[PDB]
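Q: once you've seen the sequence and the experimental structure below, I've got questions.
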Amino acid sequence: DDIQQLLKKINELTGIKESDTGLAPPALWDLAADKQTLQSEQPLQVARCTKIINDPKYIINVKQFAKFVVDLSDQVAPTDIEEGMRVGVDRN
Amino acid sequence: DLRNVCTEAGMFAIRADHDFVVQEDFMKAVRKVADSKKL
Amino acid sequence: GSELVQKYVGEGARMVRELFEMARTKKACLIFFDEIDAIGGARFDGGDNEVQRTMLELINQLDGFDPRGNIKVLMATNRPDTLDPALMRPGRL
Amino acid sequence: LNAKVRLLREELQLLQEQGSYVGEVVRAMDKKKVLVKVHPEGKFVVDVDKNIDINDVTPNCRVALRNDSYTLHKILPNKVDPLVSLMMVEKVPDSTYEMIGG
Amino acid sequence: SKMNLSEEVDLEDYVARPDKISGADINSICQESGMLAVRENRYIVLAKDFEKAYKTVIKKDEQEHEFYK
Amino acid sequence: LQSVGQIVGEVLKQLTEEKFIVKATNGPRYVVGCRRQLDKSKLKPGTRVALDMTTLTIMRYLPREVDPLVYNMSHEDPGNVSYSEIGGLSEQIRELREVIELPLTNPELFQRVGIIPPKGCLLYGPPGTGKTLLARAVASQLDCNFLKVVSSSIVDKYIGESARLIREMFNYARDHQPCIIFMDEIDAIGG
Amino acid sequence: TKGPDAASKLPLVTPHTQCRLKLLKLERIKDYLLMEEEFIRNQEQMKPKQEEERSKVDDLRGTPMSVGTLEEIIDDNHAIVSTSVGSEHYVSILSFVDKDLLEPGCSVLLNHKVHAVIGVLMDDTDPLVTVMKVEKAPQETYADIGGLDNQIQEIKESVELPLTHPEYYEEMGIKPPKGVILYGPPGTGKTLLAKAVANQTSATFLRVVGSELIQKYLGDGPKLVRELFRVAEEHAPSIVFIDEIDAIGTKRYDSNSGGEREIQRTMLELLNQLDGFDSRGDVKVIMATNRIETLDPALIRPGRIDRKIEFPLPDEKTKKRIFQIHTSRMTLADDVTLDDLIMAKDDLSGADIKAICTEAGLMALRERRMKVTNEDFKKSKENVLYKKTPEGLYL
Amino acid sequence: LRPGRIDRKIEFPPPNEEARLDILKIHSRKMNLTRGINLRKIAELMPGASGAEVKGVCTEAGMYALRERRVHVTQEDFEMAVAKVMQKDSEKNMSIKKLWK
Amino acid sequence: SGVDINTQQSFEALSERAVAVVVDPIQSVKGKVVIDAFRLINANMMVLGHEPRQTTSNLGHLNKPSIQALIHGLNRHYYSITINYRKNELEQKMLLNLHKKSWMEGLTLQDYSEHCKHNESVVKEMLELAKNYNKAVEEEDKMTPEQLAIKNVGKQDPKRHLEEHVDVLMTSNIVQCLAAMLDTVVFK
Amino acid sequence: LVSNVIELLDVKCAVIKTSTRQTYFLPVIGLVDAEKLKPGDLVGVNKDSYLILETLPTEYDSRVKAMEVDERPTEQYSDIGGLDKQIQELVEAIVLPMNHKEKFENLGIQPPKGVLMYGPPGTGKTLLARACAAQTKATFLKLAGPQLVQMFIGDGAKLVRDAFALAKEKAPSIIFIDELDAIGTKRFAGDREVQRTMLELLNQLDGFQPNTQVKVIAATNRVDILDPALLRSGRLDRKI
Amino acid sequence: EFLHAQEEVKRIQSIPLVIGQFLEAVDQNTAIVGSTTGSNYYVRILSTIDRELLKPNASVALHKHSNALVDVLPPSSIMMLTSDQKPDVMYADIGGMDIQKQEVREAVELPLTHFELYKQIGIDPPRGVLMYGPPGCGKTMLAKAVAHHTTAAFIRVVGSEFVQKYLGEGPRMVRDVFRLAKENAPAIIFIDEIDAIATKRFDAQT
Ligand SMILES: Nc1ncnc2c1ncn2[C@@H]1O[C@H](COP(=O)(O)OP(=O)(O)OP(=O)(O)O)[C@@H](O)[C@H]1O
Ligand SMILES: Nc1ncnc2c1ncn2[C@@H]1O[C@H](COP(=O)(O)OP(=O)(O)OP(=O)(O)O)[C@@H](O)[C@H]1O
Ligand SMILES: Nc1ncnc2c1ncn2[C@@H]1O[C@H](COP(=O)(O)OP(=O)(O)O)[C@@H](O)[C@H]1O
Ligand SMILES: Nc1ncnc2c1ncn2[C@@H]1O[C@H](COP(=O)(O)OP(=O)(O)O)[C@@H](O)[C@H]1O
Ligand SMILES: Nc1ncnc2c1ncn2[C@@H]1O[C@H](COP(=O)(O)OP(=O)(O)O)[C@@H](O)[C@H]1O
Ligand SMILES: [Mg+2]
Ligand SMILES: [Mg+2]
Ligand SMILES: [Mg+2]
Ligand SMILES: [Zn+2]
C-alpha cells in the first residue's frame, strides 16, 4: 500500500510532462520589437467584397459574422479592390 | 384527360399561325391523347 | 474519405467543389477516390442525406454542365454493387 | 445585529461579481497553464489561481474560469451525462430482506 | 334520452332482438335513425326509420365470399 | 435619427401581472415586465412583442408573422365557382349539397332530433376526375377557408402530425367563416 | 521523432508466497522509491539568465491564450487564422514562433486581444484518443497464461519479436506481420493475451473497444479513427488493440439507414488506415472477436490482418495448466485431485476454470475453512457452469 | 453469461408450499386475519404459483373485504381470491388439443 | 479606450487638469452608480519618475480600482480620481419629493376586505409555522445541540419564518387600528 | 450593417432582420421613405441603433453570378439521338413560350411554368439541357441541388432567392436545377435547412406571374425520392 | 441598515432576468447554471432562495449582468390531459356497465380518494387494470369517464404510438410517459390498444 502511495506521490510531484510549444531558439527571436508590431499592427478580419457601389462603397461578407457597407482606408487604392475578392478589414 | 386534350389541341395550333383550333385539330388531339394514355 | 464526410451540413459537398476547382487550376490533374463506397452509396428515401448530397456534388462535378476538364478520376472499391448507378454510369466512371 | 448586517452586505458584494465560465480540461500543459475547452467559445490556455494546485487538475475535469482572465479558480464536480446521473439511487427502496419469503 | 324520439317507437321491440351488437353498434343504429329522420325533413324519429337503421347496421357480413360461412 | 431599434420576441408565459417571459427570436429567454400603458390582455402566450434593447421591457405588441408550413392550411377562398364549371356531375353535387347544406344551414333541427355529428363523408372513384371541384362547386354558398392538406400533416404514418397538425384545422376554421378541412387522398397518408 | 510512450510498471516480485524474500524485495522497491522521492524533493528546495527571456515571452503572450487553426501563411510574419467560432482573422506572426512547424491545419496559439500567433499547440490530441493510451500496464504477464503456447508464439513473432530482434526479419527479407486477430469462444484468453502483450511490450499501447470508435456526429467516427492512428504513428513503435472488432467489423451490406452506413464508413476508414494509400508505419494492430465469420472480408484480409490466431477451448493439458495457475495462490488440500475436474466433456474454458477456483474458495469460506478441499471443488464446478445438442441418433 | 462477467447464476424457482406459506405470512402481516385463518391451506391451494400471485391473492382477499365494507378477511375470501388470481386460460378448442394424442 | 486616451490628450492640451468622466448607464441601474474620473499618465514619467501621483495623505487610498480598469489600463496610462458628490440642502430636500407620501396616505384605512384576507392568510400560515415550531421545540434532541442548531439552518421555521410574521401582522393591525381611531376622531 | 426588411407595417414602422441573424422592430423607418420599400429589400442599417440609413441595390452572391452561363456550350440538337419527342416537348415548353409569349396569350392557353426531365441515368437529361442552353438566346442559369445546401441557416434559401432574382432581371432567363434530389427529398438539424431551401424554391416557383419570361428546368434520376409537393399544379408539371 | 440591506437583496431581483437551467449545485451559496444564451456559468446562489426548489434540472432566473442565480421560475408535454381537454363523458352517459364500473373504480378512483380503507385492510390497492372484450363494448368510453371523473392527472396514449422508427424511441416514449405521470402524481395512465405491443415474447430474430 505504501509503495502505491509513494508512486502516486512521485507522479504528483513531477506531474508536468512539459508540453512543447512553437518557441524558437532564443537567438532566433531575441526581439523586443515584437511588442512594437503587436501594439502598432492591428488584426484584420477577412471578408470578401461581394458588391461594389458607385465615393465608392463596398459590401463585404465577414464569413458568418455579418454584411457591411464599408469604404477602403487611404492605404489602398480603389483599383486594387475588385468584386468578389477577399480583403482584410479592421475590427472597429 | 379532357383538360390536357384541350391544351394539346392548342399545342397543335402553335405550329402555324392558327389562332383558332379546327375540328380536325381536336380530332388529332383526341386520337393522340386517348391512345397515348394507353401507354 | 473521412474529410469528405463532415459533421456540418453542406460541408462535404463544399469540400468536393473546392477539390475539383483546385484540380481544374492545375494541368492534367489525377484524382483518386479509394473505397468510393464510403460516400458513393446508393440513394434511398433521413439516412445519410448529407453524404448523399456530397455524392451528388461529386456526380455533377464529374459529368453534367460545366465540363470537368483535364481531370482523370480514379476510383477503387471492393463492393461495386453498393455504388449509386448514377456514379457508376459510363460518363463518370 | 452588526453580524446580520455585515453578512447581508458581504452577500450583496459577492453577488455583484460576475459569474465565472465553466470549461472542461483537455490536459494540464505546465505547472501554471491548463488547456481547457470553454463551451462554446472554444479551447483556451488558461493560467491557474494560486489557491488551486495544478496536480488536482486532471484531464476531463470541469474547472471554473473567471469572467475576465479565464483564470482557473475552482475544481468543481465532474461532468456526468444527465441520463446517467438519474441512474444512481438517491432514495433507497423500502423493500427489506425480511419482506422476501422462500 | 337526449334524442327527441316519438311516442310510437318502442325500444323494447329492438332490445329483445337476438342480434348480438356492441354498444358502438347501438350508437350507430341510433345515429342512422337520426340521419334517416333528418333526411326526410322530419324532426321526429319514428318506428320505421329506426327499424331501417337497425336493419342497415345489422347487415355486417358484406361479402364473405359465400363459402366460408 | 434618435430612435433605436427594439428586439422582437414572443411572450412564452405570464409570470405575474407585471412580470413576463419573453424569448428573443435568436436570443435567450428573458424575464421582463410591461411598459405601463399597455393592455396586458393583448399579451397572451405566443404573441409578438418588441422589447426595449436596454431595459428589455415590453414596449408594444405586433401581429404574428405568417408561418411557413401554413400556406394551404390557412389560405381562404370565399369564391363563387358555379356548378357549370365542373360539368357532368349534377348527381354528385346534389348529394354533396344534401350532405353539407342541411347541417350548416340549420343545426337546430339536428340538436332537436339528438344526433349532433354529421361528419365523415367519402368520394371514392377514379383518380383526378374532379374531386376537388366537387368541394369547389359546393363553395357556391360560403365555404371560405377551404383547406387542402392532401395525404399529409394529419397522421404521418403513426401520429407524427397531431395537435399542432390536428387542431389548427379546427382553430383557423372557427376563428373565421365555415370551411372544409377537406383532407384528400388519405390512401397515401404517411406514404 | 517522438519515440514510444511506454507504459510504466514496477519490477515484478517472484516469491508470490508471503515469505521473507518477498518482503525483502518489496522493501528494496520501497527503498528505491524513497530515494527517488528524497532526491526529487531536495532538488527544488536545495536549488537557489533565461528568466528574463521567459518573462518577456510570457508578457508578450499574455493570458488567456486562445487556440485557433492556421488556415494560410501569407508572409513570413503574417497569416490567416480561424478562431474556434469559424471567423478567420488576418493576424501577425510573432518572432518567437517556429516557422518550420507552422503549417496549414495546425492548431496555433493566439493572443486573446490582438489574436497574433504566439505559439503552436503541438500535441492537440483528441481527448477521446489520449484516454486510449495505456499508462499503467496490466499486471498479467505471460506467466499468467496457461497453455496457448502456439498463440503466444504467434503474437510474440507479430508484435514483440520484431521490436526486440528486427535483425532476423531484416536478413530474411520479410516484413514482420503487422496485424493479428484473436478469435475463439468467449473466455479463452484473447483479452488475456492482449493484456500480457501490453505488460511485456516496450512500445506504446493503445486500447480501444470498437464501440468507442463510433461517434454521434457524422464525420467524427472516421475522424476519430484517423486521429487514433495518427497518435499511434507519432510514437513510432505502437500497438493498437481493438477489442470486440465485431462491433464495427461486421460485413458491409446495402443498408437503408444513416447509422449503419456511417458505421460502415467508420470501418472503411479503419481498414484504409490498416492498408491503403501510404504505408501504415511501425504500428501493429491486434483485434479480438468471438465471431470472426461475421467480419468483413476486407477487414481481416492478409495485409491488414496477417495472422488469424485461433483460440480454441482448452484441452486437458491446457486445463491442467490453467488450474495450476489459478490455484497457485490458493492454500490447496492434500486429497484434492484436480484431474477429476480437468476431464470434463469438452467445454471447460479458461474463464470457467477461474470461476471454479473462486467458487471453491467461497464454499471453503462457508465451512469456515481457508483450505479448499475436493468436495468444495466439485460443488463449485456443479454450481458455476451453465450449459447452453443432438439426441441419441448417432452410434 | 460467461464466468468472469456473470460469475454466479442464481435461479429463482417458483415458491414451493413452505415458500408460498412464508410469502403469504409476509404479505398478510398487516391484514386483519380472522381466527379461522389457515394460511397453509391457502398455500396448498396454489400449486406452482409465483411470489407475485401469492401477494395478489392477499390483495384480492382484502379487496373482497373492501367490497363487503369490512376490515377483516376470512378463509373464504382467501379461497375465492385463490380462484380469481390463479385463473388460467386453456386452449378452449378441443380440436387443437387433440392434434397431439 | 485608445481613442478615449487621444481625446483626453486633446483636452489636456488646453488645461493640464482636464478630467474625463466615464459613466455606465446600464451598470448603474440601481443604488450603485458606476462612475469614474480618469486622467492620463504621462508614459514618459513611467520611467523618468515612478508613479504619477504623490501620496501626501490617506484620502486617495480608501478606494480600490476595478479589475476592468486594470485590464483596460488603469495605473499604466490613465489614473482614477476619487469621485465626490457635492450635495447640499435645497438640492436634497427637493429630491425627497419623488416619493414624498402626501398626507392623504397617512390617514387612508386601506380596505377592510383584503386586510381581513391578509390577516386570515398570515394567521393560517402562522398556525402551520407554530406547528413546525412546536415540533422543533419538543424534539429537543440532545446529541450535541449546538450542532443540530447549525445543521438545520436554512432560513426555516424556528425564528425567521416565525415572529417576523408576528412583526408584520402586529405592525399592520396596529397601524390600521390607529388610523381608524384617528379618522373617527378627526373627521366628525 | 446590411439588413433586410422582413415586413412593413403601419404605426411607418418596419421589422428588420439584420445580417447578424436577429430581427429588430423599428419605431421609425429612418432616413429613407417607407413608400419606396417592401418586404425583402436590402437596407444598410446602423451598427448599434439598427436604424435604416439608406436603401441598397439588389446584390447577388458570387455563387449566383458564377451560376450564369457565359461560355455558352455548343451542342446542336443533332447530337441528341433517340429523343425527338422529348426535344420537341422541351423546346415547345421552355423555348417556344419564351420568344413567342404574346401569341400564346392570343390563344389563351397557359404555357407551363416548369419542366422536370426525369429518367434513368445516362438517358440524356443534362445533355438536353446543355443543348437547350446552346440553341437558345435566353440567359441560362445552371445550378445543382447540392449547391443550394449550406451550413448557415437560411443561406440556401437566400441562394435560391438570389438565383431567381437574377433570373428575373434578365427577361429571357432559364433556370436549370440539375440533380434536384439533393434538395427535393421527401419531407421528414440540416434537414430543417434543406427543407427551408425547398420551400423557398416552391415559393419562388409560385411567385411567378403566370406565363412569365422565366422558365425552370429540373433534372433527376430518382423521382421516388423527389418530394410530391414539388410537382403539384403551379410548379413543375411537364414530367418529361 | 438591516432594512436597507434587505431592500438591496430584493433589488437584486428587479425584473430583467435571463432564464437559465440549473445543472447541479456545487455547494451551498453556489451553483452551475446553464444560461439560455447558450453558455454554462458558475454562479452564486442567493441565500434567500428556498433550496428545495433547486431541482436537478429546473428553470431559474439569472441576474442580467452578474449571471448569479437570483430566482427560481415556476415549472403539457405529450398529452397531460388538461382541465379544458377533459373528455366530458360522465358515468351516467355510460349505459349499464355496473360490474365493470365498480371493478374499475375500486382500482383507479377509490385509492386516490378513499385510501383510508386500503390502509385499514393493508392490501396495497391494485395498480393496473386490463379491460378487454369485443370492440365497441365501451372500454375507451369507460376510460374517458374515469378521466372526466378523476382528480388525478390523466395520460391517454395508444399502443401504436409506441411503435416508432429510430430504435430506442419507443421505450423512450414509454419511459417519458411514466416519468411524466410520476412528476405530477396522483396520475392515471391509459394505454389503449396495448394489444399491439403486448404479444407473447418469443425468440425474436430481427
Ligand atoms: N489459457 C488461460 N490461462 C489462464 N487463465 C485464463 C486462460 N483463458 C482464460 N483465462 C482467465 O479467464 C479470464 C477471462 O478471460 P479473457 O478476459 O481472456 O476473455 P476473452 O478470451 O477475451 O473473452 P471475451 O472477450 O468473450 O470475454 C482471464 O482474466 C483469465 O484469468
Ligand atoms: N439520347 C442520346 N443521344 C446522344 N448522346 C446521348 C444520349 N443520351 C446520352 N448521351 C450521351 O451520354 C452521356 C450521358 O450524359 P448525360 O449528361 O446526358 O446524362 P443524364 O441523362 O443527364 O444523366 P445523369 O444525370 O444520371 O448523368 C453524355 O456524354 C451524352 O452525350
Ligand atoms: N354501455 C354503453 N353506453 C353508452 N354508449 C356506449 C356503451 N358502450 C359503447 N358505447 C358507445 O360505443 C362507442 C365505442 O366505445 P369505445 O369504448 O370507444 O370502443 P371500444 O369499446 O372498442 O374501445 C362509444 O363512442 C360509445 O358512445
Ligand atoms: N369533370 C371535370 N370538369 C372540369 N374539370 C375537371 C373535371 N375533371 C377533372 N378536371 C380537372 O382536374 C383538376 C382537378 O383534379 P382532381 O380531381 O382534384 O385531382 P385529385 O382528385 O387527384 O386531387 C382540375 O384542374 C380540373 O380542371
Ligand atoms: N419470495 C418472495 N417473498 C415475498 N414476496 C415476494 C416474493 N416473490 C415475489 N414477491 C412479491 O411479488 C412481487 C414480485 O415482483 P418482482 O419480484 O418485481 O417480479 P420479478 O421477480 O419478475 O422481477 C413483488 O412485489 C413482491 O412483493
Ligand atoms: Mg475479451
Ligand atoms: Mg446529369
Ligand atoms: Mg377502444
Ligand atoms: Zn470611450
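A: Good, I have the coordinates. Numbers count the residues shown, from 1 in each chain, chains lettered A, B, ... in the order given. Ligands and ions are numbered 1, 2, ... in the order given.
Q: from here on, contacts and neighbour counts on C-alpha atoms
A: Fine.
Q: what packs against the helix or strand containing residue A:89?
A: Assigned by DSSP states H and E, residue A:89 belongs to strand A:86-90. If you count contacts as 3 or more CA pairs under 8 Å, 6 or more residues apart in numbering or on different chains; DSSP states H and E, strand A:86-90 packs onto strand A:44-53.
Q: what's the following helix or strand after the strand it packs on?
A: Next element after strand A:44-53 (DSSP H and E): strand A:57-62.
Q: what sits up against that following strand?
A: Contact with strand A:57-62 is made by A:45-53, A:67-72, G:87, as judged by CA atoms under 8 Å, 6 or more residues apart in numbering or on different chains.
Q: residue A:81 versus the residue nearest to the spatial centre of chain A, what's the distance?
A: Centroid-nearest residue in chain A, with CA atoms, centre = their mean: residue A:43, separated by 6.2 Å. Look at residue A:43 and residue A:81: by CA to CA, to the nearest Å, they are 19 Å apart.
Q: check residue D:22 too.
A: On the measure of CA to CA, residue D:22 and residue A:81 end up 43 Å apart.
Q: tell me which of those two has more neighbours.
A: Higher neighbour count among residue D:22 and residue A:81: residue D:22, with 28 against 15, using other CA atoms under 10 Å in any protein chain shown.
Q: in the helix or strand that contains the more buried one, what's buried?
A: Element membership for residue D:22 (DSSP H and E) is strand D:20-28. Neighbour counts using 16 or more other CA atoms under 10 Å in any protein chain shown place D:20, D:21, D:22, D:23, D:24, D:25, D:26, D:27, D:28 of strand D:20-28 among the buried residues.
Q: the residue in chain H that chain F sits nearest to and residue K:137, how far apart?
A: Per CA to the nearest CA, the residue of chain H with the smallest distance to chain F is residue H:89, at 32.3 Å. Counting by CA to CA, the gap from residue H:89 to residue K:137 is 21 Å.
Q: enumerate the residues of chain A near chain G.
A: By the rule CA under 8 Å from any CA of the partner chain, the part of chain A lying against chain G is A:2-3, A:6-7, A:10, A:19-26, A:28-31, A:34-35, A:38, A:41-46, A:62-65, A:88.
Q: okay, and which of those residues map to strands?
A: Applying DSSP state E to these, the entries found in strands are A:44, A:45, A:46, A:62, A:88.
Q: quick check, nearest of these to residue K:53?
A: Using CA to CA, residue A:62 comes nearest to residue K:53 of those, at 44.6 Å.
Q: what about the closest one, how many residues nearby?
A: 21.
Q: wait, isn't residue G:8 in contact with residue G:137?
A: Yes - if you go by CA atoms under 8 Å, residue G:8 and residue G:137 touch, sitting 6.4 Å apart.
Q: list the residues that contact the residue nearest to the centre of chain A.
A: Contacts of residue A:43 (CA under 8 Å, 6+ apart): A:90, A:91, G:89, G:90, G:91, G:92, G:114, G:115, G:116.
Q: just the buried members of the residues you listed?
A: Counted by 16+ other CA under 10 Å, the contacts of residue A:43 give G:89, G:90, G:91, G:92, G:114, G:115, G:116 as buried.
Q: on that earlier part again, residue H:89 and residue K:137 - which one has more neighbours?
A: Taking other CA under 10 Å, residue H:89 and residue K:137 do not tie; residue K:137 has more neighbours (17 against 6).
Q: right, and the more buried one touches residue E:22 too?
A: Yes - Residue K:137 lies in contact with residue E:22 (CA under 8 Å); the separation is 5.1 Å.
Q: ok, the nearest residue to residue F:134 once chain neighbours are set aside to residue F:127 distance?
A: Distances taken as CA to CA, 6 or more residues apart in numbering or on different chains put residue F:93 closest to residue F:134, at 6.4 Å, once the chain neighbours are dropped. Counting by CA to CA, the gap from residue F:93 to residue F:127 is 17 Å.
Q: and residue H:100, by the same measure?
A: Distance from residue H:100 to residue F:127, by CA to CA: 53 Å.
Q: what are the buried residues along stretch I:1-12?
A: Quick answer for stretch I:1-12 (16+ other CA under 10 Å): I:5, I:8, I:9, I:12.
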